[PDB]
Amino acid sequence: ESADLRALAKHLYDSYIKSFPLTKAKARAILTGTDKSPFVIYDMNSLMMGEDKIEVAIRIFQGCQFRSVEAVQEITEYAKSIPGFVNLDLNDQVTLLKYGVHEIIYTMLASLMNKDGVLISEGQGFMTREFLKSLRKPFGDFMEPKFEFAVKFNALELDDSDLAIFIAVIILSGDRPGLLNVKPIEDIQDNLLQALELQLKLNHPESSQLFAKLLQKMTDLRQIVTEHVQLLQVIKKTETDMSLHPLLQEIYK
Ligand SMILES: CN(CCOc1ccc(C[C@H](Nc2ccccc2C(=O)c2ccccc2)C(=O)O)cc1)c1ccccn1
């Protein structure tokens with residue numbers, strides 16, 4: 001019944017606001033500004049001005065590494081609020097997070113992107129696309145495909161209350177490898193999808209088949225993950241002196 005699906009949409013949006021400090025609504029108010037504009041990093045010595053105000057490639061790398069660990073933590077916190085998730089088998093909870101976390105991270109990374117760059121340091125800074133692309137060897141190809149995804153994903157014009165449900169749909173997948181009790185996962189996702197469908201029709205009545213278009217976007221996410229794991233493997237063997245944070249490599253197996 002629609003009333004129960006509305007209250008579940010309200011619950012998830014509420015918990016999303018509580019778990020994710022930098023929302024898309026805030027991200028967009030910073031990107032389209034004049035209260036607190038970001039400091040813009042576009043070359044090497046602007047990057048070096050970027051702590052008088054808020055190698056280089058390695059520096060950026062470990063900066064993203066720190067933020068991803070922080071994102072995993074926020075995502076993990078959000079997961080526990082999805083009704084039914086903490087009642088699943090422990091191994092399955094772990095499995096849903098291990099595989100869901102980077103697809104969520106690229107989804108929400110789009111919230112901080114326009115075609116020209118990405119918000120960093122809680123929105124305090126803005127790093128340009130072209131500067132990320134000019135990085136040496138393998139580092140300069142990490143962010144470009146996420147920019148590509150974001151440009152297209154942001155075309156859907158989703159807002160945070162949309163994203164809160166869609167992110168929950170991602171986590172409760174059920175075709176993740178190694179799941180022990182697929183079926184109670186699928187019964188939750190099914191209710192989520194019902195919530196997402198009603199949420200999209202009410203929030204975007206003019207937007208024909210946004211539900212279908214949003215779900216098709218889940219193949220775009222799966223592909224970014226794969227590219228990324230390959231690039232991460234090239235680096236593990238090029239700079240044997242540099243370490244992936246244990247939360248992150250645990251996820252990567
Ligand atoms: C908010 N934000 C953007 C987050 O961007 C992300 C962009 C991508 C990711 C996924 C993340 N990838 C990395 C993990 C460890 C080290 C580097 C990376 C890459 O990301 C990378 C490598 C080389 C060059 C550029 C990126 C993951 O797999 O956990 C996570 C986050 C910030 C904030 C502060 C500093 C940098 N940004």
# chains A, B, ... in the order shown; residues from 1 in each chain; ligands from 1
>>> closest_atom_pairs(of="chain A", to="ligand 1", cutoff="7 Å", atoms="only C-alpha atoms and all ligand atoms", output="tab-separated table")
residue	atom	partner	partner_atom_place_in_ligand_line	distance
A:57	CA	ligand 1	24 (C)	6.8
A:60	CA	ligand 1	24 (C)	5.8
A:61	CA	ligand 1	17 (C)	4.2
A:62	CA	ligand 1	16 (C)	5.3
A:63	CA	ligand 1	35 (C)	4.4
A:64	CA	ligand 1	36 (C)	4.2
A:65	CA	ligand 1	15 (C)	3.4
A:67	CA	ligand 1	33 (C)	5.2
A:68	CA	ligand 1	30 (C)	4.3
A:69	CA	ligand 1	29 (O)	6.7
A:102	CA	ligand 1	10 (C)	6.5
A:105	CA	ligand 1	30 (C)	6.3
A:106	CA	ligand 1	8 (C)	6.9
A:109	CA	ligand 1	5 (O)	6.3
A:118	CA	ligand 1	3 (C)	6.8
A:119	CA	ligand 1	1 (C)	6.0
A:120	CA	ligand 1	33 (C)	3.8
A:121	CA	ligand 1	34 (C)	4.2
A:122	CA	ligand 1	1 (C)	6.3
A:139	CA	ligand 1	23 (C)	4.6
A:140	CA	ligand 1	24 (C)	6.3
A:142	CA	ligand 1	24 (C)	5.0
A:143	CA	ligand 1	25 (C)	5.5
A:228	CA	ligand 1	28 (O)	6.8
A:244	CA	ligand 1	15 (C)	6.5
A:248	CA	ligand 1	29 (O)	5.9
>>> residues_around(residues="residue 8 in chain A", least_positions_apart="3", cutoff="12 Å", atoms="only C-alpha atoms", output="list in words")
residues 1, 2, 3, 4, 5, 11, 12, 13, 14, 15, 81, 82, 83, 161, 164, 165, 168, 188, 191, 192, 193, 194, 195, 196, 198 and 199 of chain A
>>> residues_around(residues="range 87-93 of chain A", least_positions_apart="5", cutoff="10 Å", atoms="only C-alpha atoms", output="VMD selection string")
chain A and resid 76 79 to 80 98 171 to 172 174 176 to 182 184 to 185
>>> atom_distance(atom1="CA of residue 46 in chain A", atom2="CA of residue 128 in chain A")
11.1 Å
>>> select_by_dssp(residues="range 24-224 of chain A", states="alpha helix (DSSP H)", output="PyMOL selection string")
chain A and resi 24-31+44-49+56-81+90-111+129-133+144-153+160-171+182-203+210-224
>>> closest_residue(among="A:112, A:47, A:72, A:101", to="residue 29 in chain A", atoms="only C-alpha atoms")
A:112
